[PDB]
Structures are given as C-alpha cells and as structure tokens.
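First the structure, in the form of structure tokens, and then the observations on it.
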DNA sequence: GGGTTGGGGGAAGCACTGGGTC
DNA sequence: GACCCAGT
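Residue numbers (my numbering), protein chains in the order written: chain A, 3 to 109; chain B, 16 to 123; chain C, -13 to 319; chain D, 8 to 342; chain E, 1021 to 1356; chain F, 1021 to 1356.
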C-alpha cells in the first residue's frame, strides 16, 4: 500500500521521543486540496531528516530509517489523473493521519 | 516519467552523509520557489557540483555517483516552456526536490 | 398467535412501552416470538397466553422493588427513582405506583387506577398544552397503570442513560435504539447489555460528559456489545433533561443513526484492543473540545474531522498507537 | 403591497442559533441534515441551518426602527421598543404604548388603528379570542444542496475559543474561591451558501381579515379602517424592514460575529393582489421553475412585476435589472 | 446617529486570534473556512481569519483611552480603566466607579448615567436579570476573494519558533527539573487583503431599553438619561475610538507582532438615522455593490454622508474624498 | 506621554532572527509571507523578515543599559542586569531584586515600584497571577512592497558555509571518532529595503494599570506610586533606548551580525494625549497617509509634535528636519 | 553540527425567568 | 397558583 513504509517517517516529527514538535508541515499537508500544496507540504516533512538522524543518536537509539524511493513515485503517478478534489483529499487526509503515530523505537 | 528518479538520485548526493557536503540552500530554493526563472537557476546551482563529488566518493571508498543522463536534460528543458501558469508549476518545482531525501545506497 | 395490542400515544413513549414487552415474556418463556415494527406502534407477535404476561410483570416489579428498597418518603438512586428522574415529585410517586401493583397483580386483578406520566419516559409531556386558545392546568396526558408499569421495566434494563451533575446543575442524556425494518430476540436482548447502571460520574476530571453527542461516544466505548448492526438496520433516538440551576427543561433533542457509529467502532477496534480505548479515552479527557470534531465526522464521513481531533488532542497528551492508525484507513481506503 | 423576495445568499463565519450557555461551556452551533441526489442515490450531510425565527425577530426590530422616523411613531406599543414581542396575554386586556395610552380588546378595528406592531406580526388574547394572523412570514435559512454537490464534506464549522479576562482588587486571578469571573468557552461559526425567502402581506395592513371589504354600495373595495395617509407610511415601515436583512442584521452575535453578508442572486415578484411564492433558495432548479411559475400566474390574470438581481431569467419576461435591494424597495414604495 | 464603516486592510505579520493553552504547545492561529469561486463552483477553501470579539475588545480599549481625556471621564467604571472587558461578570452584584463609587442595580438608566462603558458596549446583569443590547457591532476580518483565488491557497501561514534565555544566576541552563522555565514555542503569522465592516449605532446612547421614550406632551422624544453635552462628548469619544482600529491597534500581541497596516479603499455612510449596513470586503466584486446600495438610497429622502478613500465610485454621488479615518471622524463629530 | 516611530531603513546581509539550526547545518532564517500589489493582481510572496520579539528584547536591553546610568538604577531586576528577557518563569513564587533583596509578588504597585523594566515591558506571574501589558509595541521588519516589485525577490538569500576547527596538542582534525569537532555548517544572510515601526506608551510608568487615577476631587489626576524624578528618569531611559534601535543593536548573531543598518527615512509623533500609530514602512504610498494622519490630527486641537527625516512632508507641516536619532528623543525630553 | 528547553498554571459558563404536583 | 426538592 506504499503507506506503512512512509507514515512512520511522518510520525518521527510528532512523537515525544523526538522533541522538535513541528506541526506546521502536518497542518499544510492535511489542508492540501488542489494540485500543488500536497507535494509542497510533504517536502517540508521529508526535508527534516538530519534533525531525526542527530536526535536518535543523541539519546542512544539507532538512527531512524529514511523511506525508500521505491514507492515515492506512487504519489506523483496518482496525483496526476486524480486532479479533482473528490478523491485527492481521500488520500491527502490519510497522509496527515499517518503522521500522528508513536512508533516506539527509542526506549 | 523516468527522469525524475534519475535526477533525484543526483540530488541525493548533496544531502546524504559520508560525503562531508551539506548544501540545503539550493534544494530549498528549488522547491519553495515562486517563479519559473529561479527553478532553472536552482537546478544549475545543484548540478554544478558534479566534478567535485564524482571523484571524492571513490577516494572515500564509495561507488562513484551516477551522473544524470543528458537525455533527461532534454525532458526537463522541454517540460517547463509550455507550462507557465503558477497553478501547476510548484508541483513540478517540488517533484524533483522531493527525491533528494531517500534511501539511495550511495555508500554500501 | 396472540398479537398483544399496543396503544399509540407518542412515538417515543410507545417505543418504551412496546419495546419493554419482551422483558416480561422472557421471564414467562414465550418461545418463537417476534416484534414487527410499525414506526410507532411496534407490535409484538407471540403465540403465548395472557396469563404468563402478568407472571413476567410480577417478577420484573419484584426486581424493581428489590433494587429500590436496597438504596436510599423514601428516595433511591436507581434509574427509575433518581437516576434519570429529573423531577423530585416523581422520586417517591413513581415507586409508589410500582409497589401498588403488588396489591393488584399478585391476586390476579386488573388495573383500575390511572397515573401521570413524567417527562423522563416521554419528553412530549408537560403542564401547558394548547388546544384552541391559551393553556390549561396540570398534565392532560394521563396514562393508565397498565401501560404505565410496562414502560419503566423496559426503560431500566434496555435503554441506557448518562448523568453528569456537577453540584446544583444536572445533565441527563437518554439514548434508545428503535428497530425500523425487522427485529428478533437476538437484537432486543443484546441491546439490553448497553444499559449503564448508576452512571453518576461527577468530580471535575470526568468533564468530557459535556454535550449529548459526546457522552454517547463515552457510553459506547466501554460496551463492546454485539456488532450485528453491520448486517441489520437500527436508529438511535436521544433526548436530554437539563437542570441547570435547578431549572428542569429540555434543551437538546436530535435524531441520529447508530449503524455508522457501530461500523466505525467495529472497524477501529479490530487490529488492537489494548491501545484503542486508551487513545480514545485520552482524547476525550484531554481534548474536550476536540472530540466533537471526531464524533461529528462519523455521521457524515468527514475527512477533516479525522485529523482535527487528533491535532487538537496530541498537543496535550496522546499515546498515538500504530495499529489503530491502520484501522482508520480501513474505513477510508 | 404584495412582495415575494427569494434567492441565494453567501454568508460565512457567523454564530447563529446558539445553545444559550446556562451551564454548557462548549457552545456548539446548531447542526442540521439535508438530503442531496448524487450517483443515483440520496446522501445526507451534517450541515448547519438557521431558523427563520431570527429573520422574523429582525423584521420586528427593523419595523420599529423605520417606524420611529415618521412623525406617526405615537401608535406603537411600549413592549415593541424593548424587543419584547409578547403581544398581551391570557388576561392582559390593556395596552402599554409609548405615551401610556390604554387600548380595550374588543376587535381588530380598534387595535390595528391605535397599534401598528400588533398588526404586522399579529397577536392573541385567549380571554376574548380575537387572534391576529402574522402578516409577515419568514423562512428557514438553510444551505443549498448545490454547495453540498460541490463539497459533500469538509468541516465548514469554525470552532474558535474566546476568553474573558478578569481582574481582582489588584490584578490577581482566582480559581474557585476568590470570586473571579475568568471563563474560557468555545464558539462554532457556520459557513456555506444558504438561501432566503420572505413574503410580505401589506394588503391587510389596516384592513381586518374578518371584513376585508366595505360592501355597502355594491362595489367591493378594501376596508381600510385606518387613515390612508398613515397607512401609506406604514407600508414603507414594513417594506424597509427587510433592508437590514440584505446588509447583515441576521441572527444573533452581531456585536461579535456580524455575518459576512452579500447576496449573489435573487428574484422577487411585486403585485397589487395575492400572489404565490416562487421558490426557496435551496434547490438547484430554482431558476427555470420560477420561469414556469410566472407563466402559471400571468394566464390567471395577475399584474405581476418581476425584479431580478444577478440573474438573466430568460428574455421573454419583462423583468427589471436590479442591482441591490434598496432600488427594489424604491420601485415598490410608489405602489 | 448610526454610522457604517467598511473597507480593506493590508494587515499582515500578525499572531492575532491564537488557539493555544497553558498545557498546549504550538500556539496556532485561527483558520476559518470560506466560500470562493476560482473560475468554478462555490468551492470551500481554508484561510486564516480574525474574530470580531477581538475587535470589540480593542474598540473598548480605545474608547476608554479616548474617554479619559474628556472632562466627564470620571463617569466610568474602574474596571474599564484597567483594560478589562469584564462588564458585570459573575461574582459581584455591583461594579466600581473610577472615583471609587459603586453602581446600583435596579434601573437600567441609572447604570449608564454615571458609567460610559455599558452605554457604549452593553452589559449583562446575571443576578438582577436585566440586559442591554450592544451598541457597536464588529464583523470578522477576512481577506479578499480574488487574493486567495489568484494564489489558490498556498499555505498562507508562517510558523516561527521563539524561545527565551532564562539562564540561572550561575550562568548555566541544564535540566527542566533544574528550575529553568525556558522553552521553544511556535507562533503562526498570516497575511492577506483583509476586510472589515464595523458598524456603530450612536442613536441609542443614554437610551434605556425599558423606557426609551417619555412622551410627556405626546411628542417624539427619546428618553435620554445623561446630559446632552455629556451625550455629545460620549458620541465624540466613540467616534474617536475608530482611529486606533486602522492605527495598528487591531489586536493583541502588539508587543511581539504589531501587524503592518495601510489605509486601503474605505467607505463610510452616516446620516443620523436608521441606516443599513455596508457590504463586506471579503468578496472581490463588492465595490460595484456599493455603487447600488447608496445610489438610490440617497433619493429616498436621507441626507446620507458618504466618505470614501481609494475608490472613484460611479462619479455621480456626493462621495467625499476623505484622506484618512481621523478626518473622516472629524467630519462626523462636526454634524452631531 | 505617547510616542510613535516609523520609517524605512536598509539592511544588507544580516543573519538576524534565525530558527536555530539544531543538528541541521543550513541555519534557516525566518520566512514570512506578505502581500504584493502587482499590476496583474494581489499575490503573496515569502521573504526573510525579523520578528518583533527581537526588537522588544533589544529595546529592553537598551532600556536597562541606559537605566544603569541613572542614580535610581538600584530598583531593577537581577534578571534584567543579566540581560535576561524572561519574566518570572514558573517554578518560583517570589523574585530577587537587582540590589540582592527579595521582591514579594503580591502587589502590582510594589512590583512596578521596585522593578523599572517590568513596569514598561510588562510581566507575567502565573504563580500569583500578576499580569501587566508592556508599554512598548514592536512590529516586524519587512521589505517594502515597491522593493519586491522592482527586484522580484530572486530568492534573496546569501549562504556562506563555515566549519569548526578543533586542534588539540597532537594537532589532528580527526574523523568524528575520538571526540574531535570537524564539521561543515552554513549560515545565510538577508538584505533589502525594510521598514520599522515602534510604539511607546510612556504614560503608565509609575502608575499601576489597576488604579490609573485617584479622582480625589472629581478631577483628572493620575496616581503615581513613585517620586516624579524617578518617573522622569525612567522616561529618559526609555527614550534613549530607541537611540541604539537604529544604531545597529537589532537582531541576533552577535558574532557575525551587525550589518550597515542605517536609517534612510524616519517619521515620529509625540504627544501626551492618545495619538495614532504611524504606518509601518512597507508600502510605496505610506508617505501621504502619514501626511494626512499628522495634518488632520492637528485640526482636532491636539498638542502633538511631529519629527521627520528625508521627506519634508510638504510646506504646510511645521515638522522640523530631524537628522540623527538621539536629537529626536532629546527634543522630546526637553518638552517633557 | 553538537547540547539545554516542548508549555507554563489560571480560567474551560454564572444568573435567568424549574416543571411537575395538588 | 402556591407548593416541592439533591447524594463528592
């Protein structure tokens, strides 16, 4: 479903074990409707990789795994023909929904 | 279609580690741009650092980075002229910058 | 086939009186029974004699008196005494009628008196009706003891209620399921499990009981009853008895449907169970204003509701388990 | 005279028809349901709608405001100026006017003459009967299902918190025993595109319903039991009462919300005699249906004048291009 | 004397109207869904907005400041001078006057005869039971439709993290349990071609709701409780309370945000009588609407005073080309 | 006594107000989205800007620095002397006086009497609930609209990459395996023709907000909890705090910052009565708006003094030609 | 890049006209 | 139309 392997990275910026607490990207991706801000919002989340990489090592747990590019194109190839907001929100909301998880990997 | 992954692999070598090279300014400018003109400027700034990275990877033991094929340059050039409206310009402005952060096996 | 006749007075009162017929015939057997819906008549079709009907009532009222006398003119703290009862004048008048049948039903004598129905069993009751000009005195709606006793027995066991007082004020929310196309003994008996006996929460930490649409979720959370609604069809009817500043009046009365809420919880609590209740309880206790956005998204399939509640609740405290996130997308897909 | 206004309204972020606040802290806004036809089926949505009681109350409010302008402001009850709207009672026979005059309840002839508020919205007196039907009727303000067809979702309910700061004798904050009034509550405002429809019956102003005609010279004429010159003034006092509707004076919380109000499209019919209402601003087929109803009334012998605001409404009808409610009123006040 | 002001404002860089709590990180800005066209159907789009409560509170703040300079400034609530909008809350049966006196709670007129706060923004008397309708009505602050149509809603929200430097006396910031209340909080700022439609009703000042008229010789005369000079001074102070509205005192957090402002197109109508409200600036095509609301309403017999800025109108009415709002209210206080 | 300062300045390559990298090396600067007029239509663009928190912190630093000069600097805050801007973080009930004493947080008047910085900058005491709004309002720092129109942004970022050198006795840079420090991070700097606007409310120093006036004889008389000489000294310190606000002590990056930051044009008004705030420099048409707001205000009989630079504001305005920045507050302080 | 902080506490509807009996 | 009442 190319979702379980990308939602855990989105969850890295909300969990208490990583105290940076940037909800602006989650708000931007949750309210993405027409064609562009959905791809722009996920950029902000995927950019803050160093943050998590340093923060996991600052406590002791292994560095977080960055999502593989084997399935990133599944969003670009799907957003094209799904131009209307009828079914585009149907997955845009799930993208932000998967960002609010725990994924306890840093005990 | 097809060239996005190839250019994203090249952009990945600028933000990954094991390279001692971290330049987020250009990758930030490519994505969150406002006008079509600065898109190609950011692309040039990102692409300029080809020779300095094509030689250090093998010195550090990593495989050399695969330079994007010149055919993809034709596609990225010919995609932007006919699309001038900013409505669906930001999506392609951020599409290539998205693949900068991924799990590419740069240094196995 | 007997087909016990059921008088038609109010769409909600008739629901309580007719739907409470089963609690007595179960005590007397009545194998191979059914309840044909009529929207408001809701007639019971059973091939049983009338004699055992009173044998059911005497056992039911024995249970009621055992519950009433146990707790404490004497006023108890039960559903039929002070739980859902908002008026104090019915705190002792209602039980007095209930024990009165002990002098009428035990020796096989029909009812001859006629009492006054309170507002709790039927919200359309009151003091000031309109006939042609102006109002009248007292309560013109007067219910015979036969139909009067048949309502409380079905009210106490089957329909649940939630009470949240906070000192002088008092909020009472009453919910009941009404069949609309078909129903059998499998569903009506299962609906009995939803009843919350002694739902007196008070304190201040349990404030999440604000609003009826939010209290229904909390009532439903801790009752993993039968999930037959995925193949059946049922409707939820709810009404409130507000007593803000000792002012007994109804200020909220809406009609919703329970099937989609059944499906939502059934599809949510499937991947894991330990963390789902913790998550929903945390969002309800902490995100008091945010859980409204979650409940509202259920009866209309609102996508932004599934995110706004989580956004407003994570800021205070949320476990945010992994297996429950995949449960929402099962409904979404 | 006989005016039927209707159309669609685009107002958003407004607090209308709240739940009070006697003890509930979260003041959730009223929520309604509407059905819409799509994909060969019917679906409902939890969308708010505003009752027309707000519209009637604001009509009552504007009636006295436009009635105090003319020097005929004497004939008005005291309770009308305080926005009471009780209209006597089961035993109240005397009236309280601005000057304190006493009115005896015997018939509408001696009531609609000395009092003007009791005629527009009617009254009742269970002691002696003599009920008066409301001459002005409002309609519920509900969102059209075209907006649902183009949305069929979204929150469309803006929940904002509001805080009431409080100070002690020196600036302290109490919790439960210091005698403080610090409060933190919520307010939900409604959005979307709604519809409006208002009917006015100015032909019964000053004419009792029991005896609408004189009928003593073999010539049926209106039974104006009041003075015609002030009757004409009373016409405008109620005709201009709908002007504040088209400006934003709808519902409550006007001091804190003041709905963002602007009508996008409307249709009205004005006539000397009784006429049917066109359509509620709800259904998508609210233009062409009106295009039918007009030809359903012209063949019956009705001198109906159609006023259109941001709608073509075809070309055969002799409609007038209206750009605001005010010139519609200005074109109606003449007759 | 009812006056309607409506127009635009290039209000930006403001953390106004923020939803956050003590135990709530990431204090975020209010967002109101609105209905637009975007060359298609009446779609819904998210956009930050501002509540009219705020505007009412800041109108109160400006009104008390401008009423201090008045010679009758002693006739005001003490709590009003404390920049508090708690007009007769819960916990007290009476308020406190500025000089230290109290106010009695049976008659409505005697409440406002020595107090200018309940006579300008209303009040509520829980224990007593009586109530008063509000005077000034403030509308929400929403951007222009075309502004969000052209940009099709590109975020339009900027989240900035802020922190403090609460370092101990020794000069070290170690653990939370150490005693250093120092942390990272985020503030949201917005921009847009916002609009406002404030309205004031100065014909009801000093007029109790219970007894608005007297009619001692059966003549049109509203029952005024305060001196006519006092009423004129109070009306002038209320009108002068409009300058801070465009002067940057739109909302709170001015110590850290202080949004940028500019006088855009404004329209003000006032003729000392019952006047309909104006059209809000949230809709892009509202200017032409203002060319029809007052075009024929002037011919209805009303001496409508229209003051306009940054708009040419239909060059057919007596629309005064006012420079700024202070001259606008100067032209209003001279006709009362 | 109220003061309004505004105008246009020019900044060149400053790293003021940055989020705070973290592990990340590009130290991203605060980006704010603002409106642009444009001959086509109203659009929005993101530009690097400076929040008001900074301006307020630097104003507080200047205030305490110039208050140390006054002989009455003993009544101060130990946190203020340590250049700390936090106000009573949660964890302690009382506070410590700068003299070394203990300040009881039970009376606002005592707090403002013994704490000069908190009197003008407000404070926050959640433990006892003591609140006081700051007398200074600071706006953001944004480039003017015409500047963005004539430059079109062009991503307006200057990124310079630096390293950290960790040379021990052995003289080895290391490979982050022994405990060395050899990394490569980048800092960016921003330029542009920006604007400034600050509001001073120097009429509440020495006067608690709870009890502004006494009204002992039904006459306007503010009640001051301190001797008038201390109030005058505090006013002088507040006025002198604005002199470094245009000198260069603005922002952060005290190791690489301090660009040119010289004022190109400034406008100011000062008057003991309530006066509006001038338009923050963001637009190409604010000059005539300020001209009107300073011309029509004088027609209302307001004793207000206007100072201006560069722009003479026509010949009808008697505003003097203030050149430097200290002479403005100096001429203001001789006129008390 | 390499560490310190993620809210902090306080508030989170009063009064107000109660609706039944007898 | 004047009476009635509650528990953490």
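Beta carbons are placed, not taken as given, at the ideal position from N, Cα and C, and that holds for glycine.
Under 9 Å from the C-beta of residue i: neighbouring residues of chain D
i, result
"residue 1332 (chain F)", "Those do not exist, as residue 1332 (chain F) stays about 42 Å from chain D at its closest Cβ, beyond 9 Å."
Cutoff 8 Å: residue i Cβ touching any chain C Cβ
i, result
"residue 166 (chain D)", "yes"
"residue 91 (chain A)", "yes"
"residue 274 (chain D)", "no"
"residue 119 (chain A)", "Coverage of chain A is limited to positions 3 through 109, which leaves residue 119 (chain A) absent and any answer about it impossible."
For residue i, three-class secondary structure by DSSP
i, result
"residue 1241 (chain E)", "coil"
"residue 66 (chain B)", "helix"
"residue 1279 (chain E)", "coil"
"residue 287 (chain D)", "coil"
"residue 1081 (chain F)", "helix"
"residue 88 (chain C)", "helix"
"residue 251 (chain D)", "helix"
"residue 126 (chain B)", "Past the edges of chain B, shown from 16 to 123, lies residue 126 (chain B), and the structure says nothing about it."
Cβ of residue i within 8 Å of any chain F Cβ
i, result
"residue 55 (chain A)", "yes"
Spatial distance of residue i from residue j (CA atoms)
i, j, result
"residue 188 (chain C)", "residue 274 (chain C)", "16 Å"
"residue 281 (chain D)", "residue 143 (chain D)", "13 Å"
"residue 144 (chain C)", "residue 124 (chain C)", "30 Å"
"residue 249 (chain C)", "residue 215 (chain C)", "8 Å"
"residue 1328 (chain F)", "residue 1299 (chain F)", "13 Å"
"residue 1297 (chain E)", "residue 1304 (chain E)", "18 Å"
"residue 94 (chain A)", "residue 297 (chain D)", "41 Å"
"residue 1149 (chain F)", "residue 178 (chain D)", "7 Å"
"residue 25 (chain A)", "residue 279 (chain C)", "18 Å"
"residue 1184 (chain E)", "residue 1161 (chain F)", "20 Å"
"residue 67 (chain A)", "residue 30 (chain A)", "23 Å"
"residue 234 (chain D)", "residue 1141 (chain E)", "40 Å"
Contact list for residue i against chain C, beta-carbon separation under 8 Å
i, result
"residue 9 (chain A)", "311"
"residue 26 (chain D)", "237, 238"
9 Å Cβ cut-off: residues of chain C touching residue i
i, result
"residue 1043 (chain E)", "272, 301, 302, 303"
Chain-ordered neighbours of residue i on chain B, where CB pairs are closer than 8 Å
i, result
"residue 1174 (chain F)", "53"
Any C-beta of chain B under 8 Å from that of residue i
i, result
"residue 1065 (chain F)", "yes"
Neighbour flag for residue i against chain E, beta carbons, 8 Å
i, result
"residue 1076 (chain F)", "yes"
Partners in chain A for residue i, counting only beta-carbon separations shorter than 7 Å
i, result
"residue 314 (chain C)", "99"
Short CB-CB distance (under 8 Å) between residue i and chain D
i, result
"residue 275 (chain C)", "yes"
(message) Counting only Cβ-Cβ distances shorter than 7 Å, please list the residues of the segment 178 to 196 of chain D near chain F, keeping chain order.
(response) Within the segment 178 to 196 of chain D, the qualifying residues are 178, 179, 180.
(request) Using a Cβ-Cβ cut-off of less than 7 Å, list which residues of the segment 52 to 67 of chain B approach chain A; keep chain order. (result) none
(message) If the cut-off is 8 Å on Cβ atoms, which residues from the segment 92 to 104 of chain D count as contacting chain C, listed in chain order?
(response) 97
(message) Please identify, using Cβ separations under 8 Å, the residues of the segment 280 to 297 of chain C that lie next to chain A, in order along the chain.
(response) 289, 290, 292, 293, 296, 297
(request) Determine which residues of the segment 1230 to 1247 of chain F have a Cβ less than 8 Å from any Cβ of chain D, and write them out in chain order. (result) 1230
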